[PDB]
Every structure is written in structure tokens, then in C-alpha cells.
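What follows is target22.pdb (PDB, N, CA and C atoms).
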```pdb
ATOM      1  N   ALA A  53       0.827  -1.199   0.000
ATOM      2  CA  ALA A  53       0.000   0.000   0.000
ATOM      3  C   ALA A  53       0.863   1.252   0.000
ATOM      4  N   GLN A  54       1.974   1.232   0.738
ATOM      5  CA  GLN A  54       2.861   2.391   0.696
ATOM      6  C   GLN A  54       3.395   2.628  -0.710
ATOM      7  N   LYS A  55       3.801   1.559  -1.397
ATOM      8  CA  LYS A  55       4.295   1.721  -2.761
ATOM      9  C   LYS A  55       3.237   2.386  -3.626
ATOM     10  N   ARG A  56       1.997   1.912  -3.517
ATOM     11  CA  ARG A  56       0.916   2.486  -4.310
ATOM     12  C   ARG A  56       0.765   3.975  -4.029
ATOM     13  N   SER A  57       0.786   4.350  -2.751
ATOM     14  CA  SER A  57       0.581   5.751  -2.406
ATOM     15  C   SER A  57       1.692   6.619  -2.981
ATOM     16  N   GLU A  58       2.943   6.169  -2.857
ATOM     17  CA  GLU A  58       4.039   6.956  -3.413
ATOM     18  C   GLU A  58       3.918   7.075  -4.924
ATOM     19  N   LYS A  59       3.491   6.009  -5.600
ATOM     20  CA  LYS A  59       3.330   6.084  -7.048
ATOM     21  C   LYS A  59       2.286   7.127  -7.423
ATOM     22  N   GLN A  60       1.165   7.153  -6.702
ATOM     23  CA  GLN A  60       0.155   8.169  -6.981
ATOM     24  C   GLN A  60       0.722   9.566  -6.778
ATOM     25  N   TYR A  61       1.479   9.756  -5.698
ATOM     26  CA  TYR A  61       2.113  11.047  -5.459
ATOM     27  C   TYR A  61       2.997  11.440  -6.635
ATOM     28  N   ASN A  62       3.817  10.501  -7.108
ATOM     29  CA  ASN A  62       4.712  10.789  -8.223
ATOM     30  C   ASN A  62       3.932  11.167  -9.472
ATOM     31  N   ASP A  63       2.839  10.457  -9.749
ATOM     32  CA  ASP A  63       2.073  10.740 -10.957
ATOM     33  C   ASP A  63       1.442  12.125 -10.893
ATOM     34  N   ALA A  64       0.894  12.496  -9.736
ATOM     35  CA  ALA A  64       0.343  13.841  -9.600
ATOM     36  C   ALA A  64       1.433  14.890  -9.786
ATOM     37  N   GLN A  65       2.606  14.645  -9.197
ATOM     38  CA  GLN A  65       3.721  15.569  -9.366
ATOM     39  C   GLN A  65       4.095  15.719 -10.835
ATOM     40  N   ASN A  66       4.144  14.608 -11.569
ATOM     41  CA  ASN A  66       4.457  14.659 -12.992
ATOM     42  C   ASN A  66       3.410  15.444 -13.768
ATOM     43  N   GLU A  67       2.129  15.250 -13.446
ATOM     44  CA  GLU A  67       1.087  15.983 -14.159
ATOM     45  C   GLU A  67       1.163  17.478 -13.884
ATOM     46  N   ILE A  68       1.626  17.876 -12.697
ATOM     47  CA  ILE A  68       1.808  19.306 -12.438
ATOM     48  C   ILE A  68       2.744  19.908 -13.483
ATOM     49  N   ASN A  69       3.904  19.276 -13.674
ATOM     50  CA  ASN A  69       4.852  19.769 -14.665
ATOM     51  C   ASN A  69       4.311  19.612 -16.077
ATOM     52  N   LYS A  70       3.518  18.572 -16.323
ATOM     53  CA  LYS A  70       2.905  18.413 -17.637
ATOM     54  C   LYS A  70       2.039  19.616 -17.977
ATOM     55  N   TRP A  71       1.198  20.042 -17.036
ATOM     56  CA  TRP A  71       0.308  21.160 -17.322
ATOM     57  C   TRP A  71       1.056  22.483 -17.337
ATOM     58  N   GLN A  72       2.155  22.589 -16.589
ATOM     59  CA  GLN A  72       3.032  23.744 -16.762
ATOM     60  C   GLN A  72       3.590  23.794 -18.183
ATOM     61  N   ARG A  73       4.021  22.645 -18.705
ATOM     62  CA  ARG A  73       4.516  22.582 -20.076
ATOM     63  C   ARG A  73       3.413  22.914 -21.070
ATOM     64  N   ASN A  74       2.185  22.477 -20.790
ATOM     65  CA  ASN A  74       1.062  22.836 -21.651
ATOM     66  C   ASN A  74       0.838  24.344 -21.651
ATOM     67  N   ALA A  75       0.966  24.981 -20.485
ATOM     68  CA  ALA A  75       0.877  26.437 -20.427
ATOM     69  C   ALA A  75       1.964  27.084 -21.278
ATOM     70  N   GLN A  76       3.191  26.566 -21.189
ATOM     71  CA  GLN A  76       4.278  27.108 -22.001
ATOM     72  C   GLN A  76       4.007  26.908 -23.489
ATOM     73  N   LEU A  77       3.449  25.754 -23.858
ATOM     74  CA  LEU A  77       3.081  25.515 -25.250
ATOM     75  C   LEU A  77       2.008  26.492 -25.704
ATOM     76  N   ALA A  78       1.065  26.816 -24.817
ATOM     77  CA  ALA A  78       0.086  27.850 -25.126
ATOM     78  C   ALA A  78       0.771  29.187 -25.376
ATOM     79  N   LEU A  79       1.763  29.508 -24.543
ATOM     80  CA  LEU A  79       2.525  30.773 -24.674
ATOM     81  C   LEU A  79       3.251  30.768 -26.026
ATOM     82  N   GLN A  80       3.772  29.618 -26.476
ATOM     83  CA  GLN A  80       4.506  29.526 -27.736
ATOM     84  C   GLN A  80       3.567  29.621 -28.934
ATOM     85  N   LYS A  81       2.444  28.900 -28.883
ATOM     86  CA  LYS A  81       1.520  28.789 -30.010
ATOM     87  C   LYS A  81       0.229  29.564 -29.762
ATOM     88  N   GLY A  82      -0.462  29.254 -28.668
ATOM     89  CA  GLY A  82      -1.743  29.863 -28.374
ATOM     90  C   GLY A  82      -1.613  31.267 -27.825
ATOM     91  N   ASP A  83      -2.480  31.623 -26.879
ATOM     92  CA  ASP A  83      -2.491  32.956 -26.296
ATOM     93  C   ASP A  83      -2.676  32.829 -24.789
ATOM     94  N   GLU A  84      -2.934  33.966 -24.141
ATOM     95  CA  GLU A  84      -3.087  34.031 -22.693
ATOM     96  C   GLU A  84      -4.238  33.159 -22.210
ATOM     97  N   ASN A  85      -5.216  32.900 -23.076
ATOM     98  CA  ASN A  85      -6.368  32.096 -22.691
ATOM     99  C   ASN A  85      -5.927  30.706 -22.239
ATOM    100  N   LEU A  86      -5.346  29.933 -23.161
ATOM    101  CA  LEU A  86      -4.896  28.585 -22.829
ATOM    102  C   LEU A  86      -3.755  28.607 -21.821
ATOM    103  N   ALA A  87      -2.860  29.591 -21.926
ATOM    104  CA  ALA A  87      -1.739  29.676 -20.996
ATOM    105  C   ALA A  87      -2.228  29.813 -19.562
ATOM    106  N   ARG A  88      -3.253  30.637 -19.343
ATOM    107  CA  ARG A  88      -3.802  30.800 -18.004
ATOM    108  C   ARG A  88      -4.672  29.616 -17.604
ATOM    109  N   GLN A  89      -5.406  29.031 -18.555
ATOM    110  CA  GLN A  89      -6.261  27.893 -18.229
ATOM    111  C   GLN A  89      -5.447  26.695 -17.760
ATOM    112  N   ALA A  90      -4.274  26.481 -18.358
ATOM    113  CA  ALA A  90      -3.426  25.376 -17.936
ATOM    114  C   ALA A  90      -3.122  25.466 -16.447
ATOM    115  N   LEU A  91      -2.701  26.643 -15.982
ATOM    116  CA  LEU A  91      -2.420  26.814 -14.561
ATOM    117  C   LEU A  91      -3.692  26.815 -13.723
ATOM    118  N   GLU A  92      -4.798  27.329 -14.269
ATOM    119  CA  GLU A  92      -6.077  27.238 -13.576
ATOM    120  C   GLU A  92      -6.373  25.800 -13.181
ATOM    121  N   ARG A  93      -6.194  24.867 -14.114
ATOM    122  CA  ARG A  93      -6.378  23.459 -13.777
ATOM    123  C   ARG A  93      -5.251  22.945 -12.887
ATOM    124  N   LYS A  94      -4.018  23.402 -13.122
ATOM    125  CA  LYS A  94      -2.880  22.933 -12.336
ATOM    126  C   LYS A  94      -3.058  23.229 -10.853
ATOM    127  N   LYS A  95      -3.915  24.196 -10.525
ATOM    128  CA  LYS A  95      -4.230  24.461  -9.123
ATOM    129  C   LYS A  95      -4.614  23.174  -8.395
ATOM    130  N   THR A  96      -5.524  22.402  -8.990
ATOM    131  CA  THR A  96      -6.031  21.202  -8.335
ATOM    132  C   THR A  96      -4.915  20.200  -8.083
ATOM    133  N   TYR A  97      -4.044  20.001  -9.072
ATOM    134  CA  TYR A  97      -2.965  19.037  -8.910
ATOM    135  C   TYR A  97      -1.998  19.484  -7.828
ATOM    136  N   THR A  98      -1.702  20.782  -7.770
ATOM    137  CA  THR A  98      -0.845  21.271  -6.694
ATOM    138  C   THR A  98      -1.487  21.026  -5.337
ATOM    139  N   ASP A  99      -2.809  21.177  -5.247
ATOM    140  CA  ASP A  99      -3.498  20.868  -3.995
ATOM    141  C   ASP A  99      -3.360  19.388  -3.643
ATOM    142  N   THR A 100      -3.682  18.519  -4.597
ATOM    143  CA  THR A 100      -3.730  17.090  -4.313
ATOM    144  C   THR A 100      -2.354  16.551  -3.958
ATOM    145  N   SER A 101      -1.297  17.109  -4.550
ATOM    146  CA  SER A 101       0.041  16.614  -4.245
ATOM    147  C   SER A 101       0.321  16.688  -2.747
ATOM    148  N   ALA A 102       0.091  17.854  -2.142
ATOM    149  CA  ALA A 102       0.321  17.999  -0.709
ATOM    150  C   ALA A 102      -0.698  17.200   0.094
ATOM    151  N   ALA A 103      -1.969  17.245  -0.321
ATOM    152  CA  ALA A 103      -2.993  16.491   0.392
ATOM    153  C   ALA A 103      -2.668  15.007   0.451
ATOM    154  N   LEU A 104      -1.928  14.497  -0.529
ATOM    155  CA  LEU A 104      -1.564  13.088  -0.549
ATOM    156  C   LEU A 104      -0.264  12.842   0.203
TER     157      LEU A 104
ATOM    158  N   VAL B 156     -46.163  36.250 -16.045
ATOM    159  CA  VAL B 156     -45.109  37.041 -15.421
ATOM    160  C   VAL B 156     -44.822  36.502 -14.026
ATOM    161  N   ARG B 157     -43.625  36.800 -13.516
ATOM    162  CA  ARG B 157     -43.172  36.194 -12.267
ATOM    163  C   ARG B 157     -44.035  36.601 -11.078
ATOM    164  N   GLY B 158     -44.334  37.885 -10.933
ATOM    165  CA  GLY B 158     -44.836  38.423  -9.686
ATOM    166  C   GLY B 158     -46.336  38.447  -9.490
ATOM    167  N   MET B 159     -47.120  37.873 -10.399
ATOM    168  CA  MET B 159     -48.568  37.863 -10.259
ATOM    169  C   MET B 159     -49.079  36.437 -10.355
ATOM    170  N   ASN B 160     -50.194  36.190  -9.673
ATOM    171  CA  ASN B 160     -50.720  34.847  -9.484
ATOM    172  C   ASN B 160     -52.122  34.707 -10.056
ATOM    173  N   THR B 161     -52.358  35.249 -11.248
ATOM    174  CA  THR B 161     -53.675  35.100 -11.850
ATOM    175  C   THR B 161     -53.896  33.702 -12.406
ATOM    176  N   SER B 162     -52.835  32.999 -12.785
ATOM    177  CA  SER B 162     -52.939  31.692 -13.422
ATOM    178  C   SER B 162     -52.454  30.626 -12.454
ATOM    179  N   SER B 163     -53.228  29.549 -12.322
ATOM    180  CA  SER B 163     -52.852  28.487 -11.398
ATOM    181  C   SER B 163     -51.602  27.756 -11.867
ATOM    182  N   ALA B 164     -51.450  27.576 -13.178
ATOM    183  CA  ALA B 164     -50.273  26.891 -13.695
ATOM    184  C   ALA B 164     -49.001  27.625 -13.298
ATOM    185  N   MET B 165     -48.960  28.939 -13.520
ATOM    186  CA  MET B 165     -47.808  29.706 -13.066
ATOM    187  C   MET B 165     -47.651  29.648 -11.562
ATOM    188  N   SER B 166     -48.749  29.695 -10.818
ATOM    189  CA  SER B 166     -48.629  29.572  -9.375
ATOM    190  C   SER B 166     -47.837  28.324  -9.016
ATOM    191  N   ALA B 167     -48.245  27.173  -9.553
ATOM    192  CA  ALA B 167     -47.556  25.929  -9.227
ATOM    193  C   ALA B 167     -46.119  25.948  -9.719
ATOM    194  N   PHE B 168     -45.898  26.444 -10.932
ATOM    195  CA  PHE B 168     -44.553  26.448 -11.487
ATOM    196  C   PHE B 168     -43.609  27.266 -10.614
ATOM    197  N   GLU B 169     -44.012  28.487 -10.267
ATOM    198  CA  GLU B 169     -43.166  29.337  -9.443
ATOM    199  C   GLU B 169     -42.966  28.738  -8.063
ATOM    200  N   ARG B 170     -44.005  28.124  -7.500
ATOM    201  CA  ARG B 170     -43.853  27.530  -6.180
ATOM    202  C   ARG B 170     -42.782  26.449  -6.195
ATOM    203  N   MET B 171     -42.817  25.570  -7.199
ATOM    204  CA  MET B 171     -41.786  24.538  -7.283
ATOM    205  C   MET B 171     -40.415  25.147  -7.545
ATOM    206  N   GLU B 172     -40.355  26.192  -8.365
ATOM    207  CA  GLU B 172     -39.075  26.843  -8.616
ATOM    208  C   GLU B 172     -38.462  27.345  -7.316
ATOM    209  N   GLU B 173     -39.260  28.035  -6.503
ATOM    210  CA  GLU B 173     -38.749  28.556  -5.241
ATOM    211  C   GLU B 173     -38.357  27.428  -4.302
ATOM    212  N   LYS B 174     -39.140  26.352  -4.275
ATOM    213  CA  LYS B 174     -38.780  25.223  -3.428
ATOM    214  C   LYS B 174     -37.409  24.678  -3.802
ATOM    215  N   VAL B 175     -37.148  24.535  -5.100
ATOM    216  CA  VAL B 175     -35.875  23.966  -5.530
ATOM    217  C   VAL B 175     -34.727  24.932  -5.264
ATOM    218  N   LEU B 176     -34.943  26.225  -5.495
ATOM    219  CA  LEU B 176     -33.891  27.182  -5.183
ATOM    220  C   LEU B 176     -33.554  27.141  -3.702
ATOM    221  N   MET B 177     -34.571  27.033  -2.848
ATOM    222  CA  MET B 177     -34.317  26.926  -1.417
ATOM    223  C   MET B 177     -33.527  25.670  -1.091
ATOM    224  N   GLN B 178     -33.848  24.553  -1.739
ATOM    225  CA  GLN B 178     -33.099  23.327  -1.482
ATOM    226  C   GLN B 178     -31.628  23.493  -1.851
ATOM    227  N   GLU B 179     -31.357  24.090  -3.011
ATOM    228  CA  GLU B 179     -29.965  24.319  -3.396
ATOM    229  C   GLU B 179     -29.272  25.254  -2.416
ATOM    230  N   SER B 180     -29.972  26.293  -1.963
ATOM    231  CA  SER B 180     -29.374  27.195  -0.991
ATOM    232  C   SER B 180     -29.055  26.466   0.303
ATOM    233  N   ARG B 181     -29.930  25.557   0.729
ATOM    234  CA  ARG B 181     -29.633  24.741   1.898
ATOM    235  C   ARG B 181     -28.344  23.969   1.692
ATOM    236  N   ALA B 182     -28.200  23.341   0.528
ATOM    237  CA  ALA B 182     -26.983  22.577   0.278
ATOM    238  C   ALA B 182     -25.753  23.470   0.348
ATOM    239  N   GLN B 183     -25.828  24.660  -0.244
ATOM    240  CA  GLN B 183     -24.670  25.552  -0.249
ATOM    241  C   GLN B 183     -24.319  26.007   1.165
ATOM    242  N   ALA B 184     -25.333  26.361   1.954
ATOM    243  CA  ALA B 184     -25.078  26.768   3.327
ATOM    244  C   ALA B 184     -24.453  25.640   4.118
ATOM    245  N   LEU B 185     -24.944  24.417   3.937
ATOM    246  CA  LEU B 185     -24.345  23.288   4.630
ATOM    247  C   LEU B 185     -22.901  23.104   4.197
ATOM    248  N   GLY B 186     -22.604  23.392   2.930
ATOM    249  CA  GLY B 186     -21.221  23.369   2.481
ATOM    250  C   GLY B 186     -20.358  24.356   3.235
ATOM    251  N   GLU B 187     -20.829  25.596   3.340
ATOM    252  CA  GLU B 187     -20.048  26.617   4.034
ATOM    253  C   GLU B 187     -19.872  26.270   5.507
ATOM    254  N   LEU B 188     -20.930  25.778   6.145
ATOM    255  CA  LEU B 188     -20.938  25.653   7.596
ATOM    256  C   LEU B 188     -19.854  24.698   8.080
ATOM    257  N   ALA B 189     -19.829  23.484   7.539
ATOM    258  CA  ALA B 189     -18.901  22.468   8.015
ATOM    259  C   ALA B 189     -17.533  22.563   7.362
ATOM    260  N   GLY B 190     -17.359  23.447   6.384
ATOM    261  CA  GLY B 190     -16.076  23.618   5.730
ATOM    262  C   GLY B 190     -15.610  22.366   5.016
ATOM    263  N   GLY B 203      -6.946  34.727  -7.702
ATOM    264  CA  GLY B 203      -6.258  34.071  -8.797
ATOM    265  C   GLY B 203      -4.930  34.722  -9.127
ATOM    266  N   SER B 204      -4.369  35.440  -8.152
ATOM    267  CA  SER B 204      -3.128  36.169  -8.388
ATOM    268  C   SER B 204      -1.985  35.221  -8.737
ATOM    269  N   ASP B 205      -1.917  34.072  -8.063
ATOM    270  CA  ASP B 205      -0.818  33.138  -8.283
ATOM    271  C   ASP B 205      -0.784  32.604  -9.710
ATOM    272  N   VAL B 206      -1.935  32.283 -10.298
ATOM    273  CA  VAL B 206      -1.975  31.745 -11.655
ATOM    274  C   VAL B 206      -2.092  32.889 -12.658
ATOM    275  N   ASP B 207      -2.440  34.085 -12.173
ATOM    276  CA  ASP B 207      -2.508  35.300 -13.024
ATOM    277  C   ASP B 207      -1.072  35.675 -13.406
TER     278      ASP B 207
END
```

Let me see the structure of the file written as C-alpha cells.
Amino acid sequence: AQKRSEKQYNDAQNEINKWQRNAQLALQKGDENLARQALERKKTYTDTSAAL
Amino acid sequence: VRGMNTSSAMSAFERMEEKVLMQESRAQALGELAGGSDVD
């Protein structure tokens, strides 16, 4: 069970950086809309990482 | 119209509307009771 919990923590941590990269891709290609929306969603992952 | 009760159908419709709005408000209050600069 500990292994499982740490794996979930790692996956959430990885998705945080994934959505940061998506925001950067929005900055490169899209506009402030997608760039800000990426971090808007990333809020939840940052919450869950610590909560876990 | 919302504020007059000449028609029974509207009477019933508005009554149910208010009942449901009150139910949702109850849920929200219960949420509060028991408990964007950074991304900007």
C-alpha cells in the first residue's frame, strides 16, 4: 500500500509539470487564454500533491 | 409574469421553482458551515 501511495504522489507531481509545459506551449503557439487555463487546472494538482 | 398569481399553472410552477432554489441554498449553506493572483 505504501508503494501504491508513493506512485500516486509521483504521478500527480508529474502531471503538475505536464500542465506547466502545456501552459508554455500555449505561450509559444496559443495565447493568454490557454496559458492561463493550464495553470487554472494545475491548481487542483498542486493541492492534491500535498494532500496526498 | 413572475410576480402575479392570476394563473394556477404559473402559481404551481413558481412555487416549485422557489422550493428547488431553497433546497440548493440549503446545500450551499451546509457546504459553508462544516467547511487568482498566483496563476494570473

Ground truth for the PyMOL selection byres ((chain B) within 8 of (chain A)), written as JSON, numbers by chain: {"B": [205, 206, 207]}

Distance of CA of residue 168 in chain B from CA of residue 186 in chain B, expressed in Å to one decimal place: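 Answer for the CA of residue 186 in chain B to CA of residue 168 in chain B separation: 27.4 Å.
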
Point-to-point distance from atom C of residue 97 in chain A to CA of residue 68 in chain A, Å rounded to tenths: 6.0 Å

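What the PyMOL selection byres (((chain A and resi 56-63 and name CA) around 9) and name CA) grabs from this file is residues 53, 54, 55, 64, 65, 66, 67, 68, 100, 101, 102 and 104 of chain A.
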
Produce the centre coordinates and the three edge lengths, each in Å to one decimal, of the box along x, y and z that contains all listed atoms of range 54-73 of chain A with 3 Å added on each side, as lines of an AutoDock Vina configuration file.
```
center_x = 2.5
center_y = 12.5
center_z = -10.2
size_x = 10.7
size_y = 28.6
size_z = 27.8
```

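The two atoms in question, CA of residue 72 in chain A and atom C of residue 190 in chain B, are spaced 28.7 Å apart.
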